[PDB]
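*Asks:* The structure follows.
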Amino acid sequence: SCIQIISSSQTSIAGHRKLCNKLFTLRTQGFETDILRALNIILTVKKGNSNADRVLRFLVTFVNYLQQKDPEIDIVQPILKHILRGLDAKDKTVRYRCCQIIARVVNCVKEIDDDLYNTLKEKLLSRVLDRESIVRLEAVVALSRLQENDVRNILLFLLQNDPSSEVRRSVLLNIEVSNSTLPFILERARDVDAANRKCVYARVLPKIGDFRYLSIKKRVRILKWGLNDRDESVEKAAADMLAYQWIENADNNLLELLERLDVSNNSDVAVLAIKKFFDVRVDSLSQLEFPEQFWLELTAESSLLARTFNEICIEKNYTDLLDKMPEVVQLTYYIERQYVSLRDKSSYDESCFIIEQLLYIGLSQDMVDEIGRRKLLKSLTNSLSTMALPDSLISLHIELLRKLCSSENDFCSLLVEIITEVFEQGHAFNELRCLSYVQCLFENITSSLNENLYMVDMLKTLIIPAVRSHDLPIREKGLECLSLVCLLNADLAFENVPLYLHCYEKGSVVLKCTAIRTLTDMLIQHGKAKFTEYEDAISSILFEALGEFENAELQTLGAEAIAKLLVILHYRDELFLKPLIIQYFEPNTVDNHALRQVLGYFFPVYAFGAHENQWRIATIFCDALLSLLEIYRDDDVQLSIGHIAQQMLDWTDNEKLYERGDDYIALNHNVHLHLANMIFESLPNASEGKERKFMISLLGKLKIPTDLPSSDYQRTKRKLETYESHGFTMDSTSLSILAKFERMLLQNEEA
Amino acid sequence: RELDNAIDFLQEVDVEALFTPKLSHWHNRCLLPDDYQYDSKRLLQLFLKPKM
């Protein structure tokens with residue numbers, strides 16, 4: 001009857017309206033009782049049942065249908081009183097169904113009796129800490145119906161620390177949105193689960209009416225994460241929020257939106273946002289117009305838009321769209337108008353940004369227009385000779401100059417003439433500007449052919465005098481200039497290695513960083529064999545740098561230098577691979593996130609690039625891991641080591657090679673079976689206890705293929721036996737791992 | 001559907017029995033590694049001549 005109506009809603013949802021009417025004929029009765037009887041049978045069904053949700057969907061549907069009309073019958077209060085008793089239960093599903101039901105039923109109306117309010121709150125607050133994840137999920141949904149502090153603070157706590165992604169998402173989807181709760185939902189934009197990240201852009205942020213409510217630094221941090229996200233869906237959700245919601249708050253005026261991003265201080269994010277907006281809204285790209293008026297009233301946002309539009313069309317090859325960008329003749333004119341604005345300080349910072357954008361547009365052009373090429377060259381030749389551009393624009397000016405010159409020789413000739421004229425004027429600020437021109441000169445040439453005389457000149461006239469100057473800024477700038485000249489001549493590089501070694505030991509941190517970059521670049525540029533006389537001295541400073549956890553910048557630099565020397569040159573990999581792994585996992589360096597970022601990228605690239613790189617890691621694996629054990633004993637010690645070891649094991653797994661001619665892969669020895677041999681030979685030097693126990697634990701995690709030659713399995717068993725002959729005392733699990741490993745070897749020989 | 005779930009709502013149930021009356025692992029607080037900052041292009045660039 002009344003219960004069988006419910007049992008009939010089991011199959012489908014279409015008839016729910018029909019059954020609501022018939023059941024609405026039996027209101028005046030064992031009404032209440034029969035429903036609770038139906039729910040008592042919903043507590044027995046385990047999760048995963050399409051029905052239980054259908055039945056429960058039918059009930060929430062009928063309740064609402066009942067409040068409209070004949071609200072005389074208050075059935076939400078009895079049903080909640082009956083089911084709250086089960087919040088404390090041992091069948092996790094009785095708890096999960098109870099929370100499931102309460103969450104949906106309470107949502108059917110707001111007016112509740114206070115005693116029903118308090119009791120439900122007290123019991124639910126304990127539930128959201130349930131041992132099962134499914135209970136927590138439905139509990140926060142139920143609890144979130146009694147929001148408004150203590151209520152709220154608990155949701156922030158699970159959202160932030162709950163180990164289950166589905167739970168976090170449920171909290172993320174029902175928590176209140178306010179400046180107090182805002183910082184934590186934005187953190188989820190970097191959640192490990194893609195769906196949780198996508199939820200922040202797709203559902204949670206739209207709840208905020210306007211993006212202006214956020215601080216400018218919040219707006220930028222959002223787009224930086226969203227538009228660069230690794231997952232195609234999260235990245236799409238962030239681009240849609242930017243291209244359909246945020247553009248709306250800015251009156252559908254892209255410029256007005258750009259003005260709310262402080263583009264001059266957030267250039268990289270602002271460019272990406274523009275590009276992503278037009279990936280979503282390609283129709284708008286063809287609607288931008290750049291009349292003469294546009295270029296005479298340029299702004300920071302207006303100029304960035306043109307530079308990005310030009311950047312897109314070139315990449316996308318939208319040739320007809322590029323016809324809207326000006327010719328170099330007009331561009332040279334637009335730049336020169338902007339120079340005038342540099343005289344007035346109130347418009348100085350913006351004009352530097354505008355000029356920057358125009359130079360980028362100019363660097364993009366392939367100007368067959370000799371006429372306009374000559375004009376822009378004159379303008380640049382003049383601006384560098386007479387004006388006092390900031391260090392920021394100097395580089396782009398000299399870079400664009402190189403692009404216009406017919407060859408490196410004409411570029412050196414011209415730029416030396418400019419440097420000499422600027423040098424005559426001053427005869428501090430003047431000399432530093434000259435050296436900045438010298439620095440950009442040697443940054444834009446690649447070989448020393450045909451420019452010996454220009455070099456010997458810059459050396460005698462500026463660089464050496466600067467290197468010997470007692471004024472600290474000039475000396476530092478002179479050394480950077482000297483370094484770039486060493487990258488053009490190997491013999492000069494070799495002649496100055498002693499100087500840059502003297503810079504590291506007796507110099508400041510700034511000078512140590514100059515030495516690391518210089519010596520590293522001389523090796524990469526000129527080759528490894530040229531400097532073998534200084535091999536130990538250079539490696540020394542690379543070691544010392546990597547161990548200075550006091551200087552995050554210097555430490556990160558040594559780590560980076562080693563990384564590129566290994567990948568590019570294979571520069572004593574064996575010697576550095578172990579100190580690198582130790583420092584990378586060392587606790588004293590954990591706070592240095594810059595270092596963990598470069599090595600976070602290097603190890604996968606190095607390990608997974610070649611079979612020989614995985615072999616080198618297994619060769620020092622044990623010694624690196626043992627060194628970390630000693631370091632770690634001095635919060636949880638055993639748990640972190642396990643994650644470290646599994647990382648090193650993944651690096652050495654042959655299956656994880658990226659892979660890309662090798663006819664003789666035949667007798668390549670398996671790195672993991674080679675690592676087993678390493679472990680057997682190192683167990684004696686381990687200290688009995690967790691250490692020797694832990695090293696044996698790794699034998700069970702190894703990935704040994706079953707198609708290797710028999711002599712390989714035979715060789716490792718010999719290693720196994722040699723270790724067994726020591727007669728060390730081992731616990732049960734150790735002996736079980738060794739026995740299971742020894743039998744695996746036999747089985748793979750047999751096959 | 002072919003997959004009968006399937007529920008018999010006339011079965012006998014004992015309410016008191018079902019109603020008969022926290023968890024501390026709870027580190028790496030579910031956030032991606034910092035890896036978007038390092039421009040992978042830096043590795044194969046010279047420190048002093050990035051646009052090489």
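Easy rule for this one: first residue shown is 1, then count along the chain.
For this deposited structure, the header notes the method as X-ray crystallography, 2.6 Å.
A Cβ is built for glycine as well, from the same backbone N, Cα and C atoms used for every other residue.
Pasting the relevant annotations from Swiss-Prot:
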REPEAT    A:53-74  repeat 'HEAT 1'
REPEAT    A:75-111  repeat 'HEAT 2'
REPEAT    A:149-184  repeat 'HEAT 4'
REPEAT    A:214-251  repeat 'HEAT 5'
REPEAT    A:371-410  repeat 'HEAT 6'
REPEAT    A:453-491  repeat 'HEAT 7'
REPEAT    A:493-528  repeat 'HEAT 8'
REPEAT    A:670-708  repeat 'HEAT 9'
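Could you place the listed features in the three-dimensional structure?
*Replies:* Only residues 6 or more beyond the boundaries of the repeat 'HEAT 1' (A:53-74), in the same chain, are considered here, and those with a CB under 8 A from a CB of the stretch are 6-7, 9-13, 16-17, 19-20, 23-24, 27, 35, 38-39, 42, 100-101, 104-105, 107-109.
Same-chain neighbours of the repeat 'HEAT 2' (A:75-111): 32, 35-36, 39, 42-47, 52, 56, 59-60, 63-64, 66-67, 119-120, 123-124, 127, 130-132, 134-135, 138-139, 141-142, 145-146, counting only residues six or more beyond its ends whose CB sits under 8 Å from a CB of the stretch.
Sequence-remote contacts of a segment are chain residues at least 6 beyond its ends whose Cβ falls under 8 Å from one of its Cβ atoms, and for the repeat 'HEAT 5' (A:214-251) they are 182, 186, 189-190, 194, 197-198, 201-202, 205-206, 208, 257, 260-262, 266, 269, 272-273, 276-277, 279-281.
Outside the repeat 'HEAT 6' (A:371-410), and at least 6 residues removed from its termini, the chain residues within Cβ reach (under 8 Å) are 327-329, 331-332, 335-336, 339, 342, 352, 355-356, 359-360, 362-363, 418, 421-422, 433, 436-437, 440-441, 443-447, 450-451.
Residue counts for the repeat 'HEAT 7' (A:453-491) by DSSP state, with H, G and I taken as helix and E and B as strand, are 32 helix, 0 strand, 7 coil.
In the repeat 'HEAT 8' (A:493-528), the DSSP tally of helix, strand and coil residues is 32 helix, 0 strand, 4 coil.
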*Asks:* Could you tell me, to the nearest whole Å, how far the Cα of A:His427 is from the Cα of A:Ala428, given 20 unmodelled residues between them?
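*Replies:* The unmodelled segment spans a Cα gap of 11 Å.
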*Asks:* For the repeat 'HEAT 8' (A:493-528), find every same-chain residue at least 6 residues outside the stretch whose CB is under 8 Å from a CB in it, and list them.
*Replies:* 476, 479-480, 482-483, 486-487, 534, 537-538, 541-542, 544-545, 551, 553-554, 557-558, 561, 564-565, 568-569, 571
*Asks:* From the DSSP assignment alone, can you count helix, strand and coil residues within the repeat 'HEAT 1' (A:53-74)?
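*Replies:* The counts are 15 helix, 0 strand, 7 coil.
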*Asks:* Where 6 intervening residues lack coordinates, what is the integer distance in angstrom between the Cα of A:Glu148 and that of A:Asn149?
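*Replies:* Between A:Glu148 and A:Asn149, the Cα atoms are separated by 7 Å.
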*Asks:* Across the 4 residues that the deposited model omits, what is the distance in Å between the Cα of A:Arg660 and that of A:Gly661?
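*Replies:* Spelled out: 4 residues absent, and the flanking Cα atoms 8 Å apart.
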*Asks:* Under DSSP, the repeat 'HEAT 5' (A:214-251) has how many residues in helix, strand and coil?
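*Replies:* So the counts come to 30 helix, 0 strand, 8 coil.
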*Asks:* With 3 residues left unmodelled between A:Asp634 and A:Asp635, could you check how far apart their Cα atoms sit, in whole angstrom?
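*Replies:* The unmodelled segment spans a Cα gap of 10 Å.
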